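Same chain, two forms, each on its own as structure tokens: structure 1, then structure 2.
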Structure 1
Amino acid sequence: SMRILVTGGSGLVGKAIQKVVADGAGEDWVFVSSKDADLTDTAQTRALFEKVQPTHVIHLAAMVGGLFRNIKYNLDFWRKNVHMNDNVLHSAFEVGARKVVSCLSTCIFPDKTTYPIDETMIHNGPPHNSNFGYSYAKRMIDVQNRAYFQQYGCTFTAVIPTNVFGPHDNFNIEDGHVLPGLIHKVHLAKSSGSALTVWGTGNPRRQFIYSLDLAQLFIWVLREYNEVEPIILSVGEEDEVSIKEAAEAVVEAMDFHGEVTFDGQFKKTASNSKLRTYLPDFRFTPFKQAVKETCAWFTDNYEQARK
């Protein structure tokens, strides 16, 4: 008998976890996504934890977005995220939560670094200075986790997904998630003429993880896995696709037949061999099928979707 509290249950990763149907199955699952509780307010946050009395917490909530927009607000990404993370982790502690699993991103790793990055390298140099406020707030999560563990022996971890995509993503072209950016562009291009890309070489490579797959692995991390050192959740370091190959998959999936044309990292390779030490028999949804499914979702949910 456990009650799982999911912060940011209404975003890309949260909506994916809300299935779970099929079925998660045991567990009382509580999804929150708010207001309902502004995790930036300590009063509202402790109140939220006092009401529901989580035994387990999956922490997805974060101040994100604008993040890939060129005008930066590094004080805001820093202050807002640090408050939320402290509020959430420490409220969890105070009501006696047994486990908290938070979420970091690969873009917070040292800008320098040799590839592939692994879970031990997160603090080994300063992040890229673009979004340093966001990057250091996320890094501090690992720092909080290790502190809780040192002083009270609590088990609080984090997962490190690569680039997540899927239904309920941010499809707003301006704020720059590249995959859902592509889906939206192709959709605009069909009902007009010519069109593409999201501009650039198309050469840069990313590891993409389908939100539905991430949801599976996240429920496993919650149920099992008790390191405090984070775990990279991602497809193999040889299953990256270039942006060009991502556009080719979207164009294929949406049956777009117009012109493409082109004119960032250029790679952030992450190893998933810790994951492979635990789950060697787990298989990711093929990229092309995952793209095709999130394309179909976009077209059948155009009115409801984020931009």
Structure 2
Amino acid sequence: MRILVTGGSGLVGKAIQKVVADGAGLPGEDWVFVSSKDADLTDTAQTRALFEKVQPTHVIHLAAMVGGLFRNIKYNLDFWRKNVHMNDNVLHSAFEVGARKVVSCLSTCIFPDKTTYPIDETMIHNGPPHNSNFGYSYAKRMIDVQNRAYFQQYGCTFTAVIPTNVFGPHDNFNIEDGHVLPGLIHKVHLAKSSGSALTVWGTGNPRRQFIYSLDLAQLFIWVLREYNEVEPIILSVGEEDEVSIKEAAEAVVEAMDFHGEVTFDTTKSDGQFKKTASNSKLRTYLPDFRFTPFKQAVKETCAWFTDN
């Protein structure tokens, strides 16, 4: 086996890198983690050269333009164009090199805005996504479209995984361009240093399902090894384990032991209020998989941010 992991220097990439190094890589597996320095995946010639030099049997595609709510609201053309180029170059290069399996990465924010809850793997194209991230959403939706096209025309086992809001070490902690959990971890840290209050953006009422990067890294390694379906699989925590932004901010405030004031910038966008996903397909395959308790995983992430 030869596994080429694209975008291996990111949050999910370093998590798979840490899990494999901690004793998860089965004998006869060659793990090749690449970044933009190895090949700019928007460039067709650079990607073809990487897939030709590193001839893989299996591919974990993570390379993408990823940003927070406020980054997506700003650059939907960039999120659409840059991702479509990266996805087409990786999927078609893996096809011409003859890769046995390609597991791409999707998101729960790509799902239709007007839908029934909980969301499942069959509802992926049943209506338009949220207006804030339509660019990124459609780029990831077209991965599934391409996966179906390779499978129906050539028999390729090109599949995808649908994780929820991931968090953990080697995250983007830029408050402006980052997500809710790493953006609040840096906020509380600056508030402790400056002696200022914590300003949570929005109302704190939107509900989100969070997944620890290390947990999704273990599920990703399983998906590449035993999940033979072409249809995607939601890699998330249960519907009941959904929390609000207020609750998530409370977990960060407790983990960083912040005793200062917590205010809410009601004027800021809340984005999509809900995107409750059902992990029924995951629970039919892995009913014995145990997730890291949210408070323990937040504390571990907070400790890593203050340490590194």
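Here, a residue number simply tells you its place in the sequence of structure 1, counted from 1. In this text, the rigid core denotes the largest set of C-alpha atoms whose superposition between the two forms falls within 1.5 Å.
Can you tell me whether structure 1 or structure 2 is the form deposited with guanosine-5'-diphosphate bound? The chain shown second - structure 2 - is the form that fits the description.
Yes/no, residue 20 Cα shift of 2 Å or more between structures 1 and 2 with rigid core fixed: Indeed, residue 20 is displaced by 2 Å or more.
Residue 75 C-alpha relocation of at least 2 Å between structures 1 and 2, rigid core basis: It does, since the residue 75 C-alpha is displaced 2 Å or more between structures 1 and 2 after the core fit.
Once the two forms are fit on the core, has residue 275 moved its CA by at least 2 Å between structures 1 and 2? It does not reach a 2 Å shift.
If I align on the rigid core, how far apart are the two C-alpha positions of residue 199 between structures 1 and 2? Answer in Å. Looking at the C-alpha of residue 199 between structures 1 and 2, the offset is 2.4 Å.
Superpose on the rigid core and then read off how far the CA of residue 134 has moved between structures 1 and 2, in Å. Shift of residue 134 at C-alpha, rigid core superposed: 1.6 Å.
Residue 66: how big is its Cα shift between structures 1 and 2, in Å, with the core superposed? So the C-alpha of this residue moves 6.7 Å.
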